[PDB]
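Report on the structure
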4 protein chains.
Amino acid sequence: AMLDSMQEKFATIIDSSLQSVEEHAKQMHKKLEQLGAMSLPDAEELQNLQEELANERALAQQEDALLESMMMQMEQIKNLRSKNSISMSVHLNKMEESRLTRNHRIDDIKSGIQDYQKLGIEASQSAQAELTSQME
Amino acid sequence: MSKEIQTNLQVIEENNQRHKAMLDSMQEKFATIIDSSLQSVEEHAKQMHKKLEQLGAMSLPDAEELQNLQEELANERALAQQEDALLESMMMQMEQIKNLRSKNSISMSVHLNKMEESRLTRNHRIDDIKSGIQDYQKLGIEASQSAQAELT
Amino acid sequence: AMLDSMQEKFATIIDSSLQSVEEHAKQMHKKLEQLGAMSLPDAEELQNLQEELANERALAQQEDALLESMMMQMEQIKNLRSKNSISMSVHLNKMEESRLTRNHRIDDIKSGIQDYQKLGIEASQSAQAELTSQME
Amino acid sequence: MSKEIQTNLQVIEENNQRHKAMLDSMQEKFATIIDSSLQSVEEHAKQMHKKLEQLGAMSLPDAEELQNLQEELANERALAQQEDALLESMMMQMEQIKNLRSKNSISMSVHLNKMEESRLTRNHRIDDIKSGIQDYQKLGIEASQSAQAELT
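Rules used throughout
Residues numbered from 1 in each chain as written, not as in the entry; some residues may be left out. Chains lettered and ligands numbered in written order. Heavy atoms only, no water. Helix = DSSP H or I, 4+ residues; strand = E, 2+ residues; numbered from the N terminus. Rg over C-alpha atoms; globule rule 2.2 N^0.38 Å. Buried < 20%, exposed > 50% of the residue type's maximum accessible area, 1.4 Å probe, protein only. Areas by Shrake-Rupley, 256 points an atom, 1.4 Å probe, with all protein chains shown as cover. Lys, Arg positive; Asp, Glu negative; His and termini not counted. Charge placed at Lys NZ, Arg CZ, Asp CG, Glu CD. Salt bridge = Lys/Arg side-chain N within 4 Å of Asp/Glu carboxyl O. Least-squares fit on C-alpha atoms. Contact = heavy atoms within 4.5 Å. Buried area = accessible area lost by both parts, 1.4 Å probe. Polar contact = N/O pair within 3.5 Å; in protein donor to acceptor, adjacent residues only side chain to side chain. Nonpolar A, V, L, I, M, F, W, Y, C, P; charged D, E, K, R; others polar. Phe/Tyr/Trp six-rings, centres within 6.5 Å; stacked < 30°, edge-to-face > 60°.

**Details of the overall build of chain B**
Within chain B, the secondary structure is distributed over two helices and zero strands. By the compact-globule yardstick of 15 Å for 152 residues, chain B is too spread out, its C-alpha radius of gyration being 66 Å. The C-alpha extent of chain B, read off along each of the three principal axes, is 225 × 15 × 10 Å. Across the 152 residues in chain B, those meeting the buried criterion constitute 30%. For chain B, the accessible area works out to roughly 9700 Å², and carbon and sulfur atoms hold 53% of it. Here chain B contributes 17 positively and 26 negatively charged side chains, and the mean placements of these two sets differ by 7 Å.

Right under this line is the structure:
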């Protein structure tokens with residue numbers, strides 16, 4: 001029974017094998033721990049991009065509201081100008097009538113002065129027609 | 001008295017002469033002023049007519065000014081028409097850019113969700129592998145006992 | 001003295017002449033009154049054009065203030081977007097580093113599994129080197 | 001006892017045979033498991049290596065997604081650059097239209113002042129003519145008296 005000296009080598013290799021299976025299990029699990037630890041910063045970065053995307057939506061919404069408001073006010077001014085411009089064309093037309101009318105009135109007065117000069121000659125001849133008539 | 005009647009007829013021959021040269025000088029002097037009277041009516045009519053000439057002469061410059069106001073009013077509509085075209089064009093283009101942005105930002109959210117799936121999947125796989133290391137270490141130590149309990 | 005009968009015609013023409021000089025003076029002055037009356041509506045029309053011109057100035061001033069304000073706000077949004085876009089490029093670069101790093105860590109673990117398979121064969125030969133050695 | 005020693009040597013000849021075929025079967029059975037042990041270490045190493053293969057295979061799609069995010073970011077700058085060019089262009093043009101309007105409105109005020117002068121001048125001329133009618137009627141009635149006071 002020289003087996004007692006052979007089996008002492010049996011616990012020496014089974015134990016030395018198991019200690020390597022646990023050192024591999026220890027080493028790998030440490031590597032897998034820190035690898036899986038990257039998940040949180042990765043999630044962090046996504047949340048940041050997510051927030052920046054929401055800012056873009058916020059900003060686009062403010063921009064659209066701003067331009068609409070600007071266009072609104074811009075349209076009111078356009079209408080006011082248009083009303084103001086129509087008012088002008090009307091007053092210019094009135095002034096054109098008042099100018100033509102003034103011309104007619106001036107021509108009437110010119111004609112009336114001519115009528116006066118005409119009827120003055122008619123009076124001069126009609127008066128000398130009495131003075132040459134009272135020559136009898 | 002035949003000679004006496006002849007001189008009484010000389011009296012009359014000068015008597016009417018005293019009325020003739022007196023009336024001939026009255027109608028000559030009265031007609032000399034009616035003529036000067038018409039001359040004041042014609043010089044006043046000329047004077048006044050000149051005034052009305054230069055007054056009516058203002059009409060054409062008045063019309064020039066109105067016509068200038070007319071042109072400046074038409075320019076204003078021109079400018080108003082350019083301004084409206086410009087803003088319309090601008091709004092047109094701004095609207096495309098807005099749409100392109102929205103399409104681009106939506107595409108982005110898709111990739112962000114895509115990536116979040118890829119992150120969760122990655123975690124499951126890491127956990128799956130971690131479990132396999134635990135499974136190996138457990139079935140490894142339990143295998144050692146099955147050998148040490150028989151030969152020892 | 002048959003002049004008393006001639007002078008009665010003298011007051012008849014001097015009076016008839018003067019009454020025509022006053023009827024002309026009356027008629028003309030009436031014409032000149034209403035002609036000069038056009039001055040007030042003419043002045044009115046000018047004042048209206050004057051007010052419409054001031055409206056144009058008012059309107060142009062509002063328009064200039066409006067566009068300036070719009071441009072201001074438009075510039076703030078541009079800057080905010082630009083800051084938001086720079087922030088993105090930064091997070092994308094971080095994620096690219098975290099991806100490369102993750103690749104190195106995975107390769108290390110792959111290599112460490114290979115080292116384990118290698119040193120397992122070294123153990124298998126070294127163990128059978130004892131079992132073929134204890135054949136003596 | 002010569003025959004007796006031969007059989008005691010047969011005992012030993014089977015005694016060591018009882019240890020030989022017992023040890024030959026112990027190292028054959030012990031080496032038969034060290035071989036199966038390495039086989040579990042190599043199949044686990046293969047199994048795990050597969051897991052790491054498909055996990056590392058996620059890297060390329062991850063890179064594709066980042067590259068898409070990169071392109072969508074560059075598009076956004078493109079769109080931002082078009083938008084700024086557009087508004088600049090628009091402001092440029094709006095500024096000319098504004099100037100042209102001011103020039104046009106100032107021209108107008110000049111004509112309005114021009115016309116107001118022409119209106120005041122017109123009034124002086126009307127008053128001047130009215131005065132001439134008064135002057136004529138006054139110097140006309142006073143002329144009538146100078147004649148009626150002498151002949152009447």
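**Some thoughts on the overall build of chain A**
Of the regular secondary structure elements, chain A holds two helices and zero strands. For chain A, the spread of C-alpha atoms along the principal axes amounts to about 205 × 15 × 10 Å. By the burial criterion, 35% of the 136 residues in chain A qualify as buried. Of the roughly 8100 Å² that chain A leaves accessible, carbon and sulfur atoms contribute 52%.

**Some details on the pattern of salt bridges**
Throughout the structure, instances matching the rule amount to 40 salt bridges over all chains. As a salt-bridge pair, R101(D) and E83(B) come within 2.8 Å of each other at their nearest N and O atoms. Residue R101(D) is found in helix α2 (residues 59–151), and its partner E83(B) is found in helix α2 (residues 59–151); the two belong to separate chains. Each of the two residues, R101(D) as well as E83(B), counts as buried.

**Digging into the relation of the copies chain A and chain C**
Superposing chain A onto chain C takes a rotation of 180° combined with a translation of 0.0 Å along the rotation axis, leaving an RMSD of 0.0 Å. Overall, the copies show the geometry of a two-fold rotation axis. No C-alpha of chain A approaches the rotation axis more nearly than that of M70(A), which lies at 3.4 Å.

**Here's the deal with the interface of chain A and chain C**
On the chain C side, the residues contacting the 49 residues of chain A number 49 residues. For the chain A and chain C pair, buried surface summed over both sides reaches about 4600 Å², with 67% attributable to carbon and sulfur atoms. Scanning the region where chain A abuts chain C turns up six salt bridges. The salt bridge involving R102(A) is made with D42(C); its shortest N-O contact spans 3.1 Å. Counting across the interface, chain A meets chain C through 16 residue pairs in polar contact. Secondary structure elements with two or more residues in the side of chain A that touches chain C: α1 (10–36) and α2 (39–131) of chain A. For the side of chain A that touches chain C, the element with the most residues is α2(A), which contributes 37 residues. Of the residues belonging to the side of chain A that touches chain C, the class tally is 23 nonpolar, 13 polar and 13 charged.

**Some remarks on the packing of aromatic side chains**
If you walk through the whole model with that rule in mind, you get four aromatic pairs over all chains. Relative to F30(D), the ring of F10(A) lies with its centre 5.7 Å away and its plane at 70°, an arrangement referred to as edge-to-face. Here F10(A) is found in helix α1, whereas its partner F30(D) is found in helix α1 (residues 2–56) on a different chain. Of the residues examined, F10(A) reaches a relative accessible area of 5% and is grouped as buried. Seen in terms of ring centroids, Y116(A) and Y136(D) are 6.4 Å apart; in terms of plane orientation they differ by 90°. Their pairing is edge-to-face. A residue pair is termed interchain when its members come from two chains, as with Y116(A) in helix α2 and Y136(D) in helix α2. By the burial criterion, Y116(A) is buried, and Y136(D) matches it.

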